[PDB]
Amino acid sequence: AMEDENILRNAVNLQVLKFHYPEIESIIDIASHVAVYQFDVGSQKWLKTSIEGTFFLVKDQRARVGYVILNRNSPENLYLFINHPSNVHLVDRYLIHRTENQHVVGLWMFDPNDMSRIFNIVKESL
């Protein structure tokens, strides 16, 4: 029954992800809830963006590893690629991802185990 629920869970999850981004191929891992933040350089302060949702560590049909947050507060989802694992940092209780074009996004994962597991997957995936 536990494995049956996981089969139906990943099926509906993958179909919804492909509904928004057909390039997505599979789901590497999932975090239950993630709040996204953005660090404003020049202002030197963290900005709390209202992107709160489920976290989907996915891989597209071109072997690019990325993550998708299904924002619960608005239809504006967040799909960001991880081109090299040296752009994600485990700092304090948060992950700090420096996107390729000098953007700093801060992911707070509600489950600390999801934080460590997602962080360790990215560090091993490349």
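So that there is no doubt, residue numbering starts at 1 and follows the sequence shown. Rigid core (definition): largest C-alpha set, two forms, superposition within 1.5 Å.
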In 5 other deposited structures of this protein, superposed by the rigid core, which stretch departs further from the shown form in CA positions, 93-101 or 60-68?
93-101
Please check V88 against the other PDB entries of this protein that were compared: is it missing in at least a third of those that model both its neighbours?
no
Given that the flanking residues are present, does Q44 go without coordinates in at least a third of the other entries of this protein?
yes
Using only the Cα atoms and their B-factors as the entry lists them, report which of 26-34 and 40-48 averages higher.
40-48
Please compare 73-81 with 56-64 and name the stretch with the higher mean C-alpha B-factor in the deposited structure.
56-64
Among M109, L17, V105, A11, which carries the highest Cα B-factor?
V105
